[PDB]
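Geometric and topological summary
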Amino acid sequence: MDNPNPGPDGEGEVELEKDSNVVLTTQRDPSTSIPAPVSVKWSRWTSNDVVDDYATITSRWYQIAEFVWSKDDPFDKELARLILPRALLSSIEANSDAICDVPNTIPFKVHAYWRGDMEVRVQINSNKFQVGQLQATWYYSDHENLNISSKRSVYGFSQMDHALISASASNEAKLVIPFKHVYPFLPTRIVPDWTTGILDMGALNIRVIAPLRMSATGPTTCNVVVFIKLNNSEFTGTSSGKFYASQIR
Amino acid sequence: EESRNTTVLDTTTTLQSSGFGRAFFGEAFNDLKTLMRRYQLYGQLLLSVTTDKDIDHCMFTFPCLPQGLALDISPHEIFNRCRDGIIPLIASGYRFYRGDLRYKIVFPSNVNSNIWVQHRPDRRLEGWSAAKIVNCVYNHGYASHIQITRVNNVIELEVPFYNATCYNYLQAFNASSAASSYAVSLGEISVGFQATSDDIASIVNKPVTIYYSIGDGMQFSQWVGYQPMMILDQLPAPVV
Amino acid sequence: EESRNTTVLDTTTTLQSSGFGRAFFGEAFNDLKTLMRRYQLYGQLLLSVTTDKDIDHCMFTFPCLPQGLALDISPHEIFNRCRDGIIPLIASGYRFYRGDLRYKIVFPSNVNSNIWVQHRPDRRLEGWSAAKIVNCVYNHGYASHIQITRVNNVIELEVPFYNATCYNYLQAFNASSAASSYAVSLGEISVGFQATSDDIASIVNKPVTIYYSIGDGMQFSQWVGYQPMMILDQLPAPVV
Amino acid sequence: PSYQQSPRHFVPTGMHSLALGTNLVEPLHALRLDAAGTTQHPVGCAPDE
């Protein structure tokens, strides 16, 4: 050890996470916090329709929330309560177009019932002189509890397994999130037994722990980008795309 | 990551484990499931005759769930004083559950009439309000049992898991999704008497206590951290 | 032919069978016979002393049959509300039956006197009217049993198949053939008390409930389609 | 046959134990339809914890 010889290319090795045609890199090693083991396909128990995998198109990564994080945000403060099978659609219908323009999400437009495991990266691009630490935590069915308004805090979500982003080393939080819900399928549109809570798995919430602490001449901004891969998805119940209502703002 | 360990800086020698009390007390405690089957008070009511009820009439109905009831604190000095007991304090730590429950409903002494008890998996749970014991007919095809008061005034039950679900919600339920109300309680247990209108008047304001425990079928799901807690000695004393 | 199949035009992949709930709930349900042995309310009466009855006097008599009674709806809120239960709804689907029945008659609390119960295979059933519970002596050679109220006020019974038949009619019986009245009920069960005239006055207007189930001997015959059905939520609410 | 042998001589109690939660067979009145029935966990429903 102890021989850093930087050339024109910098020093470090640029590690890939190659997939279908969206390929994204980080300079730093991730800190994954897998909550649950990998689940079964679940197509044998409740779908006789054509249960078609779409790993060539749906396993692409997709940016769903970027946001500015400055030093004015206090200690125990939310940044983004992303509901992840919704926020993949909510970023689309927020971003001035329908579902049929994004090739990740057209099987949500066609098919009615969804299942699948998610991959979630929360990249930061902080300067090294900044001091701060975000946390990313996956929770299952946030909206199916009323008492999360007492829990929505860093001390509650620290007890469960959770990824950490230090703004010092500009760490990245990869975060495998396997699909686990009470019913083994999430619907994608208004469905005859529930309507409210459509395609809801729970909260990806990004709570500040250590705020940005810098000099007087410090870099105030710190943008945070969130990507999502959707790999072991299955789609079933083919129906017409005119039935698909817009997601909630 | 939560459970990572960056740099251990231990000073200690290795402790002799007691095997979780097996060495001293002759019994293990590491498995919390074997503590869960210790019975806990579920909800205590006071009988109150409103109408001259028919023999068919349920005397009280209540949803059946391991989450603990909507806590009903003249306060009940246990629910005023001993908050929540054990099983919802553990059940705070898990978002879902799946499994059986045991009940062992205890009836007072001055009652004599026969008791019918129903499981109703048809009944949903609409919100965390009205998820408590309700003082209000008998039905055919629901799973039923009659305990006779004269032999022994304590019925016992093994209420099974009848849901069309993978598991059910374990935190307190706000009824967001409309079909999700089908997936919180195991069903609805109803206790009703065969007492006529003359003799049920003596049984007014007699306590009927219900206990509960899980009974080896329960298997809790994905971990969720605890909510904020209240420390019980900080509760005020009754100034006299 | 009914069950023929001209041209299958399936779109489906093959579903995973749950094995009729054995995979989820730990129990099968495909066999409807094992559901039939779940008890159902047979008929609930109210005691009514007409004469200063002798100790020999039957308090009520009723024919014994798996068809369900002539439904007696101050209405009884179950038979006003929960129509027919399960077992005559299945028994609508079969013209004949042959086998045992179980009863488990439940008695009220304030009674104390001894109870004698008879099976009478001599008694025919004359028409679908008067095929209900009838509030009216003890007999020797009929099959008998006494349950003591003071030990336990619920008798149980295994009433066998005593007919000189191949099987018996299961739909509602209009008494067309005169000897066919011998071939509908299993017989006639009578419940009578040993209570004297002074103490039976306290037991007036106390409910006596009778349950029933088949008990593994029952084997239904030739299929018959269902009759027209009534949908229960369409029944009106009690406007207050 | 007449069974004239003198019978058992027990003690009744009204309720099974409560603090016992271990290797102890507990008899109840199950509202399940099956006597050998137990709630089960299929291939995805086997819980993690």
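Residues numbered from 1 in each chain as written, not as in the entry; some residues may be left out. Chains lettered and ligands numbered in written order. Part of a larger assembly, values for the part shown. Heavy atoms only, no water.

Its PDB record attributes the structure to cryo-EM, giving the resolution as 3.5 Å.

1. As for the overall build of chain A
On a plain count of helices and strands, chain A comes out with four helices and 11 strands. Taken over the C-alpha trace, chain A has a radius of gyration of 19 Å; the compact-globule value for 249 residues is 18 Å, and the two agree within 12%. Oriented by its inertia axes, the alpha-carbon framework of chain A measures out at about 60 × 45 × 35 Å. With 249 residues in all, chain A has 53% of them scored as buried. (Helix = DSSP H or I, 4+ residues; strand = E, 2+ residues; numbered from the N terminus. Rg over C-alpha atoms; globule rule 2.2 N^0.38 Å. Buried < 20%, exposed > 50% of the residue type's maximum accessible area, 1.4 Å probe, protein only.)

2. Let's talk about the pattern of salt bridges
Enumeration according to the criterion identifies 25 salt bridges over all chains in this entry. Two residues, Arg207(A) and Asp76(A), come together in a salt bridge whose shortest N-O distance is 3.0 Å. Here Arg207(A) is found in strand β9 (residues 204-213), whereas its partner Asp76(A) is found in the loop between β1 (62-68) and β2 (78-82), with 131 residues between them in sequence. Look at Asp76(A) and you get partly exposed, because its relative accessible area is 31%. Where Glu188(C) meets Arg120(C), a salt bridge forms, and the shortest distance between an N and an O atom there is 3.4 Å. Neither residue differs from the other here; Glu188(C) and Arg120(C) are each classed as buried. Several salt bridges share partner residues, and in doing so they unite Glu17(A), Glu119(A), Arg121(A), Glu172(A) and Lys174(A) into one network. (Salt bridge = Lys/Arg side-chain N within 4 Å of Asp/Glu carboxyl O.)

3. Brief notes about the interface of chain C and chain A
Taken together, the nine residues of chain C in the interface contact six residues of chain A. Remark: the boundary between chain C and chain A carries zero salt bridges. Here chain C and chain A share two residue pairs in polar contact between them. A class-by-class count of the residues in the side of chain C that touches chain A yields two nonpolar, seven polar and no charged. (Contact = heavy atoms within 4.5 Å. Polar contact = N/O pair within 3.5 Å; in protein donor to acceptor, adjacent residues only side chain to side chain. Nonpolar A, V, L, I, M, F, W, Y, C, P; charged D, E, K, R; others polar.)

4. Remarks on the interface of chain B and chain A
Taken residue by residue, the interface counts 31 residues in chain B and 34 residues in chain A. When the area that chain B buries against chain A is broken down by residue, the three leading residues are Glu1(B), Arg95(B) and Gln222(B), summing to 21%. Summed over the shared surface of chain B and chain A, the number is zero salt bridges. The tally of links from chain B across to chain A stands at 19 residue pairs in polar contact. Residues of the side of chain B that touches chain A, tallied by class, amount to 16 nonpolar, 11 polar and four charged. (Buried area = accessible area lost by both parts, 1.4 Å probe.)

5. Some thoughts on the sheet that holds strand β8 (residues 186-187) of chain A
Residue and element names in this part refer to chain A. Spatially, the three strands line up as an open sheet ordered β8-β3-β11, and their pairing is antiparallel. The open sheet terminates on both sides in strands that have one partner only, identified here as β8 and β11 (234-238). Of the pairings in the sheet, the one linking strand β3 (residues 111-115) to β11 comprises four bridges and is antiparallel in character. Across the sheet, the residue bridging to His111 is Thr238, located in β11. (Pairing = 2+ DSSP bridges.)

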